[PDB]
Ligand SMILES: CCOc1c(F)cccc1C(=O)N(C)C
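Before any questions on how it binds or moves, here is one chain, the form deposited without this ligand, in structure tokens.
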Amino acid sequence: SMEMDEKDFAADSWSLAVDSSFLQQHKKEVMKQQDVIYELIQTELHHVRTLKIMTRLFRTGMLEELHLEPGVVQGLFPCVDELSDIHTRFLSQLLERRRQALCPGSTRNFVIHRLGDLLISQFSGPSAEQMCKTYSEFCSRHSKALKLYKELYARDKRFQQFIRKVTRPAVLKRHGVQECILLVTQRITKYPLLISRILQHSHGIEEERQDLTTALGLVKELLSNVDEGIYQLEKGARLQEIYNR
């Protein structure tokens, strides 16, 4: 991630990110709402960073240093560019809402009052169709990606050296190839938990409570559609195994 955003999201909470003199100006219920919105944006920034490790560090490094057979890099990182496009756009909208809310003369003091509408937009229309199509494809290729990775790590010397080299730094401790794939698969099921807790502290403005209630319903519809469209692809599995499922 870029330094500006890392520093803006370095604190453990919104209450520790803002100036203490600004924090004292708000009601307890507003602080609780803002701490959960801050967790949503902070975890989205980390999720976009996970996708950049996959595209820039792993995928690009394999294309430029290794001699893998055609279709091997795509098999290891299915839909990574589409996933990166979905979440970089969503992150941009979240950070723009925070930017507009900043007090003049401050780069850290803000309150986001209107998150619901942004969530309805992200989880409806063409963007929800693209998230559904992309996650149904990615999650159906999850098992195949893990098996392909294990085969290459155990049989290809240059691939093993590459992985050991690029995952050596301490900042990559939680982000090996398989770990990135599971971080991405688990991301979509974190949204209802975060949205429901934001909703719990958003009763102050009835239109906001209504918007978050609609957004939560849309996220659950998306998850149900993705879950119903998954079937693990298996390299080598015969047609008979498939039509007899």
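So that there is no doubt, residue numbering starts at 1 and follows the sequence shown.
What comes next is about the form solved in complex with this ligand, which does not appear here.
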item: Partner contact for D85 in the entry with it bound: this ligand, 4.5 angstroms, heavy atom; value: yes
item: Residue contact check: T167 to this ligand in the entry with it bound, 4.5 Å heavy atom; value: no
item: This ligand contact in the entry with it bound: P126, any heavy atom under 4.5 Å; value: yes
item: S92 within 4.5 Å of this ligand in the entry with it bound, heavy atoms; value: no
item: One residue of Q74, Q100, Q161, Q130 in contact with this ligand, assessed in the entry with it bound (non-hydrogen atom, 4.5 angstroms); value: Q130
